[PDB]
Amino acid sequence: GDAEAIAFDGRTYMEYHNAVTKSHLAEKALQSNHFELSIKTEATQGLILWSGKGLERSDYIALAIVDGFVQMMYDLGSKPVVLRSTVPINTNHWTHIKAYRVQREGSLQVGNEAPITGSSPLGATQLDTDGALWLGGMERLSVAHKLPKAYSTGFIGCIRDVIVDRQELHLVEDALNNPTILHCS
């Protein structure tokens, strides 16, 4: 009841579009990104969300659990920057994540800890993309040989209340690749 949390078994990943005439309200050079979610899990390695085109050349922004901690990572064109949390995420207790990027600056907050901040190397400031978004793992994998196994590892656990750039994401209804729906708990 209430918050409709969906679960992720390790072979489940949803593709969302975000940003294109669809009802209410070419390339894209985002100056920002803002992501909000709540996750419950026992996993110590897994990929949560990933916004990019999924091509080797493409810039990206993603969130993954790496060796027990949630870490934001993105490359805009001048190499990556990693923002890692001090809050052990694997307690199988719903936990909040709040992350954003303003040009080159980004922050990360898991729980109530102090937000982790940083900024990619001087150079690019905009994230080139077609609006592809992904949840729980991702299709185009090749572009995962350069990252830790974690981004290769699908996510096992649940997720709910995903907010991407002031719009709320309806996991089921917005999913574009018709995946197997398994509620949570």
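One rule holds for the numbers: they count along the sequence shown, beginning at 1.
Gap between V20 and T21: none; every deposited residue in this span has coordinates.
In this crystal structure, the stretch out of 137-145 and 36-44 whose C-alpha atoms carry the higher mean B factor is 137-145. In this entry, 93-101 has the higher mean Cα B-factor, the comparison being between 93-101 and 79-87. Of all the options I116, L30, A150, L49, the entry's greatest CA B-factor is assigned to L30.
In the PDB entry, a CA B factor belonging to the highest third of its chain's modelled residues is recorded for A124.
Sort the chain's modelled residues by C-alpha temperature factor and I156 lands in the lowest third, per the entry. Sort the chain's modelled residues by C-alpha temperature factor and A26 lands in the highest third, per the entry.
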